[PDB]
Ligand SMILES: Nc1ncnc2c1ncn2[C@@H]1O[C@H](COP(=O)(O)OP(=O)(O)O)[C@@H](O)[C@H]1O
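Below sits a lone chain in structure tokens, taken as the form solved without adenosine-5'-diphosphate (ADP).
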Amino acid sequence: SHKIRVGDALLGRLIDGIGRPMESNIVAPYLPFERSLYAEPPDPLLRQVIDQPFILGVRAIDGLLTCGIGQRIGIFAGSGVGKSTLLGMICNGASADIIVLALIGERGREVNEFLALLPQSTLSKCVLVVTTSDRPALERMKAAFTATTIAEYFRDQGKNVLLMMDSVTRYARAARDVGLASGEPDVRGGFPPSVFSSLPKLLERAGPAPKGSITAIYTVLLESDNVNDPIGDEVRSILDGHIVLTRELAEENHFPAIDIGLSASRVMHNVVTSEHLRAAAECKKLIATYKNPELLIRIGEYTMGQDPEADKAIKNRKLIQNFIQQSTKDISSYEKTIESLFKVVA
């Protein structure tokens, strides 16, 4: 009841919503420790500051929206915009000692499609908390806490942990159904009070620590409708950074489909050099100001301003696009990413 068993043997394993290994082995993993699913957690005694970069191995993010160790980061994405591919790139590229994944509320098919993106070397440092759509709501809700608790266990060993929860949206729908079942009323958008109060309690467990850390990425699944998602809204107000993927970029075959102007890192200025910050700011402005040259040629115009800002954007388009667009096998170290950024704004 509300305790799970943990240990190093969790690494490389598929684990259910309450922490039980799901692969059938004749020899069971050794999991000698019990931990509560809930933590007080790390009392502000004392609370830390985010001041070191957390490298994802994604040029657009590392370059223009740099993450920090112990940050809480949201990725907001609808269907068919390459979310799972981006999550895969992050797991394979991130500077994390241990990855704890919570895969909540999707069908087995989607789980296997994600797992296929992770090579043996990545899986070997992963704990995979998986609760598919068919599982009871209680199990899908608990998966978020199980994952968080396991991340804390590994943090406590001095590991820099990446907690990746796909998705807080489906966690919340599970927690909704549990809450309503207990007799809570709908307060906003079909959600009872319990789900809202759980969000900061979960997110506040990520963060830097004396030894080790937990940097957390939470996905928010966007519906192709105009219905308010109050869970996503509350998350927006808590996060330290947010990455937004758009259908508009996905349909241009622009991947990762990150809209830079809608994305932000509240910690970047604290974890990158002033020169890095300056180059990123120019790159962002160049991205925002760019306009298809076709549009001027078709009206016979010899523009070229003299409009300095717009002229550089066209001149630097291919460089900028090759920088922010990045294939799965298009690998880039943090050193290389920064060197490449300076090149695209030159």
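Note that residue numbering follows the sequence shown and begins at 1.
Trainee: Between 25-33 and 313-321, name whichever shows the higher mean Cα B factor according to the PDB entry.
Mentor: The entry gives the higher C-alpha B-factor average to 313-321.
Trainee: On average, which has the higher Cα B-factor in the deposited entry, 47-55 or 302-310?
Mentor: For C-alpha atoms only, the mean B-factor is higher in 302-310.
Trainee: Among the modelled residues of its chain, does the C-alpha B-factor of residue 70 lie in the lowest, middle or highest third?
Mentor: CA B-factor rank for residue 70: lowest third.
Trainee: Name the third of the chain's ranked CA B-factors that contains residue 275, choosing lowest, middle or highest.
Mentor: According to the entry, residue 275 has a C-alpha B-factor in the chain's highest third.
Trainee: Among the modelled residues of this chain, does the Cα B factor of residue 192 put it in the lowest, middle or highest third?
Mentor: It falls in the bottom third of the chain.
Trainee: Using only modelled residues of the chain, where does the Cα B factor of residue 210 rank: lowest third, middle third or highest third?
Mentor: Ranked within chain, residue 210 CA B lands in the highest tercile.
If you look for the form deposited with adenosine-5'-diphosphate (ADP) bound, you will not find it shown, but the lines that follow are about it.
Trainee: Contact check in the deposited bound form: 57, 61 and 337 versus adenosine-5'-diphosphate (ADP), with a cutoff of 4.5 Å between any heavy atoms. Do all three pass?
Mentor: Judged in the deposited bound form, none of 57, 61 and 337 sits within 4.5 Å of adenosine-5'-diphosphate (ADP).
Trainee: Among 129-137, 172-180, 186-194, 84-92, mark the stretch whose residues have heavy atoms within 4.5 Å of adenosine-5'-diphosphate (ADP) in the deposited bound form.
Mentor: Only one stretch qualifies here: 84-92.
Trainee: Residue 153: heavy atom within 4.5 Å of adenosine-5'-diphosphate (ADP) in the deposited bound form?
Mentor: Judged by the heavy-atom cut-off of 4.5 Å, residue 153 is well away from adenosine-5'-diphosphate (ADP) in the deposited bound form.
Trainee: Do residue 327 and adenosine-5'-diphosphate (ADP) come within 4.5 Å of each other in the deposited bound form, heavy atoms counted?
Mentor: Flag for residue 327 set to yes.
Trainee: Determine whether any heavy atom of residue 80 comes within 4.5 Å of a heavy atom of adenosine-5'-diphosphate (ADP) in the deposited bound form, and answer yes or no.
Mentor: Flag for residue 80 set to yes.
Trainee: So in the deposited bound form, does any heavy atom of residue 105 sit within 4.5 Å of adenosine-5'-diphosphate (ADP)?
Mentor: No, residue 105 stays farther than 4.5 Å from adenosine-5'-diphosphate (ADP) in the deposited bound form.
Trainee: Scan 217-254 and note down the residues that get a heavy atom within 4.5 Å of adenosine-5'-diphosphate (ADP) in the deposited bound form; none is a fine answer too.
Mentor: None of them.
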